[PDB]
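Protein chains in written order, with the deposited numbering: chain J, 1 to 130; chain I, 1 to 130; chain D, 1 to 130; chain G, 2 to 220. No residue lacks a Cβ here, since even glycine has one placed at the ideal position from N, Cα and C.
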Amino acid sequence: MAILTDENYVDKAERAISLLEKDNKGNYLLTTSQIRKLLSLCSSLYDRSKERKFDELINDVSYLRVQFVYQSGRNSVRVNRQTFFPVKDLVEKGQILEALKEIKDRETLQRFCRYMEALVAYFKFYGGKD
Amino acid sequence: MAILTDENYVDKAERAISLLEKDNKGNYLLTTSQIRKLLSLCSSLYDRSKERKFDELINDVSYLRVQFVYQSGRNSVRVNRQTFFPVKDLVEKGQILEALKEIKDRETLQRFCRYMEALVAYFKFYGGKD
Amino acid sequence: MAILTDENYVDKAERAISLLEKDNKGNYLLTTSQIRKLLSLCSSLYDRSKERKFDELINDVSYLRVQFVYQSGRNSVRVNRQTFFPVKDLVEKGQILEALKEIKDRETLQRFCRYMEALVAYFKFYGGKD
Amino acid sequence: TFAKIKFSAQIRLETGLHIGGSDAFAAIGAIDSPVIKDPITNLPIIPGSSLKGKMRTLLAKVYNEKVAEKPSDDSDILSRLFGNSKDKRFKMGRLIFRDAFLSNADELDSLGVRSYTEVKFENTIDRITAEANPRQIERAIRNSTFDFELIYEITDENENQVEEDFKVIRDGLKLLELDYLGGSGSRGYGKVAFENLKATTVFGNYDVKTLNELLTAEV
RNA sequence: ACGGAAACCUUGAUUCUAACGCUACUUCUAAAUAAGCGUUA
C-alpha cells in the first residue's frame with residue numbers, strides 16, 4: 001500500500017497544502033525561502049534519476065531525508081507571541097517522510113519528486129509568498 | 001454537464017478573453033511570455049495524443065495541471081501600487097482548471113488543447129502582447 | 001439578413017480589396033504568405049464539404065475561425081515608424097469574422113469558400129505580392 | 002587546397018558563469034536567473050552564439066581601424082572570419098563555432114559537489130536608506146570544463162591569409178581570457194581559461210606545427 | 001425482304017532533370033546578503 005500513486009498525487013498535494021496553518025489575516029505561514037533547499041535537492045534528484053541507476057542514488061535520497069527532517073525542525077515563525085513551524089506542518093500534512101520511505105526505484109523517486117512539484121505549485125497558487 | 005463542447009469553446013474563449021484585467025491605459029496585463037510554457041506543454045500533449053492512447057498520457061495531463069496551477073501563482077505584475085496575477089485571472093475566467101478536471105479520454109484532451117489555442121488566438125486578436 | 005449571397009460576394013471581395021490599405025509606394029502591405037495557411041484550410045474545408053456532412057465539419061469551421069483571428073492578431077508590419085495589421089485589416093474590410101458565424105450548412109460554407117477565392121483573385125489582380 | 006583545421010580546447014571556468022536562458026528548464030519553485038541548459042541532461046552549456054558574439058565584439062575593438070555601428074560595418078579581416086550578410090565576398094565565414102558542453106562532471110562529483118549549478122545570493126543596498134533588496138543568480142560551478150571546438154576552413158581564398166586568420170583567432174581567444182564570457186561579469190563572473198589549446202587538421206593536408214607552437218607557448 | 005451487314009479512334013509515352021529556407025546578431029545592462037540595539041536592570 002503506497003500513499004503516492006500516479007492517479008492521486010496532485011489532488012493529495014491540493015488537500016495537503018489547503019490544510020496548512022494560516023495567520024489570522026489569512027496568509028500562509030510557510031514561505032518559499034524556507035523550502036528552497038529542499039526544492040533544489042528534489043529537482044537535482046529528479047534530474048539525476050533519468051541518467052544514473054537507482055543504486056547510485058542511494059545517498060542522495062538519504063541526504064534529502066535528513067535535510068527534510070532538519071528543515072522541519074529548524075524553521076520557526078513567531079507571530080502574536082505564538083511560534084509555529086511551517087516546514088514541519090507541511091511535512092506532516094503532506095506525509096513527506098512516509099512517501100520518502102516508499103522510494104525504492106526510479107519510478108517511486110520520480111513520483112515523489114513530481115509530488116513535491118505539485119505541492120509547491122499549489123502552495124504558490126493559494127497565495128504563498130517567496 | 002461539460003463546460004467545453006465542440007459548439008461553444010471558441011465562443012467561450014471569446015467571452016473569457018474580453019473579461020481579462022486591463023490597465024488604465026486599456027492594454028492587457030497578461031503577456032504571451034507568461035503562458036509560453038503552458039502553450040508549449042499543451043501543444044506537445046496534443047501532438048502526442050494523436051499517436052498514443054490516453055492510458056499512459058495521465059502523467060502528461062497531471063503535469064499540465066501542475067504547471068497551470070504553478071504559473072497562475074508565479075506570474076505577478078505590480079502596476080500602479082497594486083499586485084495582479086494575470087495567468088491566474090485567465091485560468092479562473094476561462095475555467096482552465098475545471099476544463100482540465102473533465103479530461104478523461106482523447107476527445108476531451110484534444111478539445112481542451114483546441115480551447116487553449118482559441119484562447120491565445122483571441123488574446124492576440126484583441127491586442128495582447130508577447 | 002445574410003451578408004454573403006450568391007449574387008454579391010464577388011463584388012464584396014472587389015470592394016474589400018479596393019479598400020485595403022497600402023504603403024507609401026502603393027504596395028499592398030498584405031502578402032499571400034501571411035494568409036497561406038488560411039487559404040489552405042479554406043480549400044480543404046471546401047473539398048471536404050462536397051462529400052462529408054456538415055455535422056463533422058463544425059470542428060474544422062471552428063479551427064478555421066480560430067486561425068483567422070490568430071492571424072489577424074499576429075501578423076504586423078512596421079513601416080515608416082508605423083505599425084499595421086494586414087490580416088486584421090483584410091478581415092475587417094472583407095467582413096469575414098461574422099461571415100463565418102452564418103456558416104450553418106454546406107451551402108453557406110461553400111459560399112464563404114468561394115468568397116475567399118474571389119478575395120484572393122482580386123487581391124492578386126491589384127498587385128498583391130506573394 | 003581545401004582543408005579544415007579544428008582548434009580544440011578546454012574552457013575551464015575561473016569563476017561561475019551565468020550565460021542565462023529562459024524558464025524552459027527552470028525549477029518549479031525557483032525564483033532564479035536560470036542559465037542556458039541542455040534540454041535532456043539539464044546541464045549548463047556554453048552556446049556557440051555567446052562565444053562568437055563576445056569574441057566578435059572584442060575583436061572589433063582591435064581589428065577595425067574605424068568604429069562600426071553594426072556587425073555589417075565590420076572590417077574585412079573580421080568579416081571574412083565571422084561572416085557578413087551585406088557582403089557577397091564574405092557572406093559565409095571561415096569560422097564555425099560549436100556549443101560547448103560540460104566535460105568533467107565526473108571530476109566535479111569526485112570533488113564532492115551535489116549539483117553542477119549553484120545559486121549565488123546578492124543584494125543591492127540603498128545608499129540613502131540602507132535598505133537591501135536581494136536576488137538569486139544561477140551560475141555554473143567554478144571548476145567546470147567545457148569541450149571547445151572551433152573549425153577553420155581553408156580554400157583558395159585563403160591563399161595568403163591563413164597566417165593572419167590564425168593570429169586573429171589567437172587574439173580573440175586571448176581577449177576572451179582577459180574578458181568575461183556573457184553574464185554579470187562586471188561583478189566578477191564568467192572568467193574563463195583555454196587549456197590544451199591545439200589545432201588539428203581534421204580535413205585535407207595542412208601543416209599546423211608552427212601554429213601549434215604559438216598555441217601551446219604563447220597561448 | 002431497313003444504302004443495308006461486319007469494324008474499339010486503338011497501340012507505345014514517368015509532368016521528369018538541377019536547386020542547403022540560407023547569410024549577420026553576446027539573454028545583455030547597474031546592484032556588498034545587508035541595516036536598526038531602544039528602554040529597564
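Check: Inter-residue Cα distance where the pair is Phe125(I) and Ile35(D); Outcome: 15 Å
Check: Environment of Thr118(G) [buried if 16+ CB atoms lie within 10 Å]; Outcome: buried
Check: For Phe68(I) and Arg74(I), the rounded distance between their alpha carbons; Outcome: 10 Å
Check: Contact with chain I by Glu102(J), beta-carbon distance below 9 Å; Outcome: no
Check: Exposed unless 16 or more other CB atoms sit within 10 angstroms - verdict on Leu19(D); Outcome: exposed
Check: Buried or exposed by the 16-neighbour rule on C-beta atoms within 10 Å, applied to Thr5(D); Outcome: exposed
Check: Cβ-based contacts, 9 Å cut-off: residues of the region 117 to 128 of chain I near chain D; Outcome: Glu117, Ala118, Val120, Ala121, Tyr122, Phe123, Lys124, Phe125, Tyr126, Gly127 and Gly128
Check: Pick from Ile126(G), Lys168(G), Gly30(G) and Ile37(G) that is closest to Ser50(G), judged by C-alpha positions; Outcome: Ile37(G)
Check: Runs of alpha helix (DSSP H) lying entirely within the region 11 to 68 of chain J, each at least 4 residues, in chain order; Outcome: 36 to 51
Check: Nearest candidate by alpha-carbon position, reference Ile29(G), set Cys42(J), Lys12(J), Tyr28(J) and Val61(J); Outcome: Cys42(J)
Check: Environment of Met56(G) [buried if 16+ CB atoms lie within 10 Å]; Outcome: buried
Check: Min CB distance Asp39(G) to chain I below 9 Å; Outcome: no
Check: Contacts around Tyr9(J), its chain only, beta-carbon distance under 7 Å, and the 5 residues preceding and following it disregarded; Outcome: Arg111, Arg114, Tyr115 and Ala118
Check: Residue 1(G) versus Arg90(G), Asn159(G), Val169(G) and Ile170(G), residue with shortest Cα-Cα distance; Outcome: Residue coverage of chain G in this structure runs from 2 to 220, which leaves residue 1(G) outside it and unanswerable.
Check: Partners in chain I for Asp6(J), counting only beta-carbon separations shorter than 7 Å; Outcome: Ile58 and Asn59
Check: 7 Å Cβ shell around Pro86(D) - same chain, five flanking residues per side excluded; Outcome: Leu29, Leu30, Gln34, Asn75 and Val77
Check: Stretch pair the region 99 to 109 of chain D + the region 50 to 58 of chain D: three plus CB contacts closer than 8 Å; Outcome: yes
Check: Within chain G, the residues that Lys37(I) reaches when beta carbons sit closer than 8 Å; Outcome: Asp24 and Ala25
Check: Collapsed DSSP secondary structure at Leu44(G) in the structure displayed; Outcome: coil
Check: CB-CB length for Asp89(J) against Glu14(J), believed under 8 Å; Outcome: 16 Å between Cβ atoms; not a contact.
Check: For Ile32(G) and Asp60(J), believed in contact at Cβ under 8 Å, the rounded distance; Outcome: Not quite, the Cβ-Cβ distance comes to about 24 Å (not below 8 Å), so this is no contact.
Check: Nearest-angstrom Cβ-Cβ length linking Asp23(I) and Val79(I), presumed shorter than 8 Å; Outcome: 6 Å
Check: Option in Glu98(I), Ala16(I), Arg81(I) and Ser62(I) with minimal Cα separation from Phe123(I); Outcome: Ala16(I)
Check: Cβ pair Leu100(D), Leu64(D) closer than 9 Å; Outcome: yes
Check: Limits of the unbroken alpha helix (DSSP H) element including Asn8(D); Outcome: No alpha helix (DSSP H) holds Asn8(D); DSSP gives it neither H nor E.
Check: Three-way DSSP call (helix, strand, coil) for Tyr70(J) in this model; Outcome: helix
Check: Pairwise C-alpha distance: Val193(G) and residue 224(G); Outcome: Since the displayed chain G opens at 2 and closes at 220, residue 224(G) lies outside it and no answer follows.
Check: Check whether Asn144(G) and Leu52(G) have beta carbons under 9 Å apart; Outcome: no
Check: Limits of the beta strand (DSSP E) - the one that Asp148(G) falls within; Outcome: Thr146 to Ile155
Check: Counted within 10 angstroms of its Cβ, other Cβ atoms place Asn43(G) as buried (16 or more) or exposed; Outcome: buried
Check: DSSP beta-bridge partners of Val77(D); Outcome: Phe84(D)
Check: Under 7 Å by beta carbon: chain G residues contacting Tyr70(I); Outcome: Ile29
Check: Cβ-based contacts, 8 Å cut-off: residues of the region 110 to 127 of chain G near chain J; Outcome: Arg115, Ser116 and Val120
Check: Interface partners of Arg106(I) on chain D, CB under 9 Å; Outcome: Those do not exist, as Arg106(I) stays about 14 Å from chain D at its closest Cβ, beyond 9 Å.
Check: Partners in chain I for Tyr28(D), counting only beta-carbon separations shorter than 7 Å; Outcome: Per Cβ cutoff of 7 Å: no residues; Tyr28(D) is ~21 Å from chain I at best.
Check: Distance between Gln11(G) and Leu182(G) (C-alpha atoms, nearest Å); Outcome: 14 Å
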